[PDB]
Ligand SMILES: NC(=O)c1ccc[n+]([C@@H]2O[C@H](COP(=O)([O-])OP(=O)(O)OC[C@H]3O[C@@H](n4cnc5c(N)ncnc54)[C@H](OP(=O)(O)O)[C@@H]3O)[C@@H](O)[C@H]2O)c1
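Next up: just one chain, as structure tokens, the form solved without the ligand.
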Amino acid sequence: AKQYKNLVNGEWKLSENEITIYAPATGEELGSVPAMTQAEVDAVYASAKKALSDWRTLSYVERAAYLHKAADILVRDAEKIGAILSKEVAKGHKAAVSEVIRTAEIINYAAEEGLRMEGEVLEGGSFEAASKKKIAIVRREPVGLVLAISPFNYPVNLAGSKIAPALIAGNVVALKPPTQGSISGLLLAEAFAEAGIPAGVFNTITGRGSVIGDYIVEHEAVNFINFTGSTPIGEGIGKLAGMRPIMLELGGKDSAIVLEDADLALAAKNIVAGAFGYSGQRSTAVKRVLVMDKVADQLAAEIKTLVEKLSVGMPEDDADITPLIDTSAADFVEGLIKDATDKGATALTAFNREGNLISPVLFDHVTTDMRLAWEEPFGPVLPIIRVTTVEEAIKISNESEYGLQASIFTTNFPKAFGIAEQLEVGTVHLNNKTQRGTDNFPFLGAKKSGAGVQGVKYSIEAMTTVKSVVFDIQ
């Protein structure tokens, strides 16, 4: 099995202990990654803080040049990297390659967005006549060392989405990949090293949560934490951050509100595409349908017809539904299915589990006493909840602890806009599925879905602070 190494101060480093990584869909041993000690974490962080001065003092053009070179290498190696990513997290091969290509796009876009960093000149005389000769020159500065923690379900894309915005602004970065996804994260690191990223400007950390999990976050060297993952883990990291700024991209339970005047066929298409992409292992998937009763029977039938068309199988054959990330995930999903069956929900598609490969299950007549109406499955199960009023749909949508995105399906757009104002989410898509993209758009979520605003320019703003220099004109 290929033995991988961490990038530490421009060098590739093994550790005494290793973690072996297996393909979720087959059990194939893919390789090993280091299990770092706390002392090895200290060395990563010390090398990053030492590199920071010379990195922040480079020009924006020079930092952008490194990012563009790294993106070119990712494009060159997209097939090579995608093939391993596909195996590591049981993502379809074509989709895995697409994740790498999208990462290159985000890196390039972040390089050009960030190099155009501008500041403000504020007039004292806007506020007080006596200060009319006093002006404030307000420029952006890096926050320092950014700890970027990527998630299993986008181990390259949602590493680069943090790395490149941080780096263009003059931050230094330590990437902690998820254990399942650490190989792909280190493959991304290879591109940044080959691009010539200066030693210590970008580093990687891998290891066991029991050894370094709290340590990497509590370390005084870290100035900013940028995390994507589960809501419980995110909340715990937040407790360890202190007053240091943190960004959290946590779970979702995005509602799809279907009104009586909606094109139910088009609604079903978008709903099924969004709900079941990557087997539903996405924070921004459609995860519950809130439908007006008078159209529920036909919407349910429309959704069912497309679910039965979803291909089910292995990542290497580019199936729509692939095996889930591990056995705990498939067990949790089966447990939600069973709770819905026990409580009287109607299964419109047939449950089948071969290993951790769960066939897509569609439930109708889901009620608010069922766990599936509320809990995020991270699996290919979709509930339908019938409502009698738009007010009821809004109330149930907002009753969720999550608030990432929502979809509204209707032909009355002025009405949809007014509904969107009332929904406790970050983004509402009209007559389409929820989605993070395009990556220039803001991406954020309310309540337990996280904290901070991403999308490219927003992520750059988040990982900078302002420095105001004030002086008096004579």
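Note that residue numbering begins at 1 and tracks the sequence as displayed. If you superpose the two forms and keep the largest set of C-alpha atoms that fall within 1.5 Å, you have the rigid core. Only residues modelled in both forms are compared.
One more form of this protein exists, namely the form deposited with the ligand bound; it is left out here, but the text below deals with it.
Taken together, the three residues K176, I233 and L404 all come within 4.5 Å of the ligand in the entry with it bound, as judged by their closest heavy atom.
Between 415-423, 50-58, 435-443, 27-35, the stretch whose residues reach within 4.5 angstroms of the ligand in the entry with it bound through a non-hydrogen atom is 435-443. The ligand in the entry with it bound is approached by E249, whose closest heavy atom lies within 4.5 angstroms of it.
Taking the partner from the other structure, the ligand in the entry with it bound has a heavy atom within 4.5 Å of a heavy atom of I149. The ligand in the entry with it bound comes within 4.5 Å of no heavy atom belonging to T327.
In the entry with it bound, none of the heavy atoms of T103 sits within 4.5 Å of a heavy atom of the ligand. Proximity to the ligand in the entry with it bound, defined as a heavy atom within 4.5 Å, singles out one entry of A262, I84, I73, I237, which is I237. Proximity to the ligand in the entry with it bound, defined as a heavy atom within 4.5 Å, holds among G213, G124, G355, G313 only for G213.
With the rigid core aligned between the shown form and the other one, only one of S328, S126, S210, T388 has a CA shift of 2 Å or more: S210. Taking only residues common to both forms and fitting on the rigid core, the CA shifts of 2 Å or more between the shown form and the other one cluster into a single run of 3 or more residues at 208-211.
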